[PDB]
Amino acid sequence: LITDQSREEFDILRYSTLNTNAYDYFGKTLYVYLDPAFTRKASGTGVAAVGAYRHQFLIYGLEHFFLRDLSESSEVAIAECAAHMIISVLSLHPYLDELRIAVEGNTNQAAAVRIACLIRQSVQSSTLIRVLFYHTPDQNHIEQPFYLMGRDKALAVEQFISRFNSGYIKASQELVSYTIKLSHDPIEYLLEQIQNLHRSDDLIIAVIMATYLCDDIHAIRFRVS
C-alpha cells in the first residue's frame, strides 16, 4: 500500500535535468529494464529508463505498447521502440556515459537474446556509448544477455514500495515517451499502475526492476554483449 502524499509529491515534484550548470549533479549510468509482451489475454511490452541522484532514483523514460502481430516482426518493433527512447534520453542528458540494460527472458530466452542484439546495434549506430547487458548462465552454462525473473520479484516489489513511500523515486520533467502521451501524461499513466499494485502492470514492473538492478550487488552481472 502506497501513501497518498507520495503519489501527490511524485506528480508535483520532478527533477529539472536540463540545466547545463547541473550536469555533474546526477549519476552517469542509465539503467534500462525491458519486460516483453506475453499472451488467454495479451500483456504489452514495458520499458523503463532510470538513473541515480545520490541515494535516490529518477525516471528518464517510459514505454508501454501492445503489438498487432507477434511473429518475429514484433522483435524488431520491441527493440526499435526501446532503442528510440534510449537514444532520446541520451540526447537530452550528455552526462550519461554508460548504459546498463536488462531484457527479461522468462517468456522466450532466444527472443530476448535477439532483442538485446537489436537494441545494441540500434543504439551503437546512433550514438557512441558504453553498452552493458545483464548476463545469466543458460542450460549449457554459456552466459547469455538476458535476465531471468524468479523469487527475487517479491524483494524488488518490497524495496520499491519502501523507496516510493519515502520519496526516493522521482520523475524527470523531460521524461521521454513516444508510446504514452496519447491523451495522457506519462506520470498519471504510471500512477494508475502504482495504485493497482498488489500482494496491465508491464510498465510498473519495468520501473520496479530497473531501480532494483541499480544496486552494486548486481554490477558483476553486467557485461559487454
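Numbers for residues come from their place in the sequence shown, where the first is 1.
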Can you count the deposited residues that have no coordinates between residue 39 and residue 40 and report it as none, 1 to 3, 4 to 9, or 10 or more? 1 to 3
Where residue 199 meets residue 200 in the shown sequence, the number of deposited residues left unmodelled: 10 or more
Between 169-177 and 190-198, which has the larger average Cα B-factor in the PDB entry? 190-198
Can you tell me whether 127-135 has a higher mean C-alpha B factor than 106-114 in this record, or the other way round? 106-114
Whose CA atom has the top B-factor in the entry, of 99, 119, 90, 142? 142
Which third, lowest, middle or highest, does the CA B-factor of residue 18 fall in along this chain? highest
CA B-factor ranking of residue 56, expressed as a third of its chain: lowest
Of the three thirds of Cα B-factor ranks in this chain, residue 28 occupies the lowest
Ranking the modelled residues of this chain by C-alpha B-factor as given in the entry, is residue 47 in the lowest, middle or highest third? lowest
Using only modelled residues of the chain, where does the Cα B factor of residue 63 rank: lowest third, middle third or highest third? lowest
